[PDB]
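Everything below concerns the one structure shown next.
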Amino acid sequence: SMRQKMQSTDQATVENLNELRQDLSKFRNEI
Amino acid sequence: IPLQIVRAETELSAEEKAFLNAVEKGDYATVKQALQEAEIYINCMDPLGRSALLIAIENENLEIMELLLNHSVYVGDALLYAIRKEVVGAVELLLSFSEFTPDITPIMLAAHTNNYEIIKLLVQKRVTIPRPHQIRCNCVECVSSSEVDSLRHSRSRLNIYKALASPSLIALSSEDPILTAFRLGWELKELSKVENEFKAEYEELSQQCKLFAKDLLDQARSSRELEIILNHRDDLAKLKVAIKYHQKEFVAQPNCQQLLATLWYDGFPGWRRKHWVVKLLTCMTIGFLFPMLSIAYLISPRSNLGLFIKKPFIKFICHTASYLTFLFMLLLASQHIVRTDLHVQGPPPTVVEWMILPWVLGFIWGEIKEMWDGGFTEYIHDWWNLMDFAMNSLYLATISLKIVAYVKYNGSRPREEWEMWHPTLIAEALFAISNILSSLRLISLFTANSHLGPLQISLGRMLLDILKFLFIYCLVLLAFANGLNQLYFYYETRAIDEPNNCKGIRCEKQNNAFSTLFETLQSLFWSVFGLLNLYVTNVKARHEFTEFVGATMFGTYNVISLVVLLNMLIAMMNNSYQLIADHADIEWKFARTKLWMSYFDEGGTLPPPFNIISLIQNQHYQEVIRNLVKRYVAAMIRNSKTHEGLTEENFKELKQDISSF
Amino acid sequence: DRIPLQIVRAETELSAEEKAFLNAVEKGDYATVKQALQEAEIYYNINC
Amino acid sequence: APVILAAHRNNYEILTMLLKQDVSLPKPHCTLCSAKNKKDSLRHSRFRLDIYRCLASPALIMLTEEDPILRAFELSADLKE
Ligand SMILES: CC(C)CCC[C@@H](C)[C@H]1CC[C@H]2[C@@H]3CC=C4C[C@@H](OC(=O)CCC(=O)O)CC[C@]4(C)[C@H]3CC[C@]12C
Ligand SMILES: [Ca+2]
Ligand SMILES: [Zn+2]
């Protein structure tokens, strides 16, 4: 119950997706 | 102290380690690998307890969920979790430690979430919600459930009532959403008193229902739609139903108030445009001619003058003028010019009393008609009506006692020789009390003014706490009165032994103040206003201990009464007024609407001296309701949807088109 | 002992082709919308 | 101690992992403590408050105590004094 109390905006879900995207982009040019 | 990990979680196996990791990532090649692993063998759960299906639902990958269903994993409560997550696609796909209580159904959860699209989807399948029993139901099942498990019973009832009060569900499934909102709000308000444990939840639900009804009314775009809504009968029937259910915000809507104003001010176009001096002159000249208008209506009810008094504002002015004339005639009775002699035991009525008699009969007949027509229950709600009943009863008692005194006594006698319980004295006292009660009724006319109305309402709402304070003060007063009377009752002295034959504290030399309980209560009452002298605690026998104890008790009573309680009351009244001031406008408008509607009817046209002498309308209503609901749904969607939609379209569009390129 | 729930005011539902066109418009695929509109012109709805 | 700072943040995942290895925490109050207070009283007071803030962590009580309801009752009366 407590997790839903503060984890509701879910900004760190789309932000985590953006972080995966940036890691993939950095790998691309680096390789 | 080092302590230990008393509570832990079962470790994940190698297969469990491999699984839910690709599921969190969601790569479809890893999904093919998971399918291959399943063929090699899926139901493993994360430490949160969510299986593969639930976390796949969270990932919002419909293909993954479809593949999981093909593998025939345990569905469990996946539908409820999808409804809670409020994702339409997963709910549609599913249609094609337990988190929730066992009584929860998908439709109840959807109504709890108040999602219009999901509720529309589920209600297409024709789901049902169990109906609740009465608030005071005493049957076999209710008693068995309450005795076996009361907490679960209360929780189930609260869940059902919370599901039934969803604005989206009411809009979709109710034939008359406004009436349903009214009835549900009233019923939920009544349930809060019986179920004291869940008072806040029921109050919140009732407030939500009221707000939904008001916001549904707020979407009218023409006067024709407003008339159709307000005049619907299952004459302003809907307005009367709203008044009956205490829908203050619904009544105080500006458009409804404008319609009521144009109904009330009939015959006076552009009344607001006129300067206030012109308004005052018009009111005075209209109220001056009340007898002529009353007679004209009595003779020719359908002529111009006859129709003049049928308008609500003119009728109100005439009634006010008649009451003011009655009060002015009451003021002339106390003038000594009326009373020729004061030594007649049984006197005949004077001229002023003869003039006052028709008004008294008129008021009694009006109150009888009001009570009989409205019924006993409606009559007591006013509170003001109680005053009317008391005044009329006192007037009747005065008349009866006057007749008895006239019949019985037939001779002149000095007034100082009359006994204590002479009928004339009782009649005079009752008449004076009746005059006091009659003069205080003019406060009820303050609600018609925009300046003195809200103040009168606010002062009315502040009289509830003063009584609660007075109860505690009464306890304190009784305690101290008992103590003082117990101390001082031995030294009671007779009236002969005192100067001028006084006993009590209504004399220049106060005496015997604490000799009886009644006199002690009166003496302690008058000390609040400082009208009791300090020498009343003295004893003729001059005993020092008794006088010291009495003075100490009197001082303690004075300190407690005047230093603590009065300041506490001042602070409490300060706090209460600030909260009341916020909602003064709505309450005043509700009160003025109640006052106005009493003059719309044709029953009480004449003032007190002179009184004693279906399918087509339903089709139109359903058309208007259809338009209002459609506008309301779009407006509430706007606040919820635009920001979320824009944000989702940005990143999602960015992360797939680039991959395709 | 139960409350039946049913839609009282019913509105005509869109066709499958119109819903697919709506989803294509929402998904922002210009090629799919162009093909759908060309097929609509061939068969003789954007006004839906 | 790293565990003390972890309990200050009041979250479950790292607290469970860190406590998996055996970890002790000295209890707070003698003659020896009086000697330390003479040398540095500001540091002594700060350390005691640091420990009690770690002990009053909802995540730590749930994971380490057998009767979390009774532990919250006794600690609350302890901290008020
Ligand atoms: C105070 C004592 C000395 C009694 C003598 C005064 C009366 C003649 C006054 C006192 C209060 C008056 C009433 C106060 C307010 C109103 C509402 C008023 O309604 C409006 O026209 C309101 C217009 C607006 O909204 O501004 C009509 C007169 C009336 C009944 C007044 C009628 C005359 C009353 C009874
Ligand atoms: Ca009345
Ligand atoms: Zn029952």
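Order of the sequence lines fixes the chain letters, A, B, ..., with proteins taken first and strands second; residue numbering starts at 1 for each chain. For the numbers below, each heavy atom of this structure counts, side chains included, while hydrogens, waters and symmetry mates do not.
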Subject >> Over 12 non-hydrogen atoms of neighbours within 6.0 angstrom of CD in C/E13 >> reply: no
**OP:** Output the residues of residues 180-190 of chain B for which the shortest heavy-atom distance to chain C is under 4.5 Å, in residue-number order; output 'none' if no such residue exists.
**Re:** none
Subject >> C/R9 side chain to B/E175 backbone, donor-acceptor under 3.5 Å >> reply: yes
Subject >> B/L122, part contacting chain C, at a heavy-atom distance under 4.5 Å >> reply: neither
Original post:
Does CG belonging to C/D1 count more than 12 external heavy atoms closer than 6.0 Å?
Top reply: no
Original post:
Counting only heavy atoms not in B/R631, do more than 12 sit closer than 6.0 Å to its CZ atom?
Top reply: yes
Original post:
When C/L5 is tested against each of B/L172, B/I119, B/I107 for side chain to side chain contact (heavy atoms under 4.5 Å, CB included), which residue passes?
Top reply: B/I107
Original post:
Under 6.0 Å from the CD atom of B/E147, do we count more than 12 heavy atoms belonging to anything else shown?
Top reply: yes
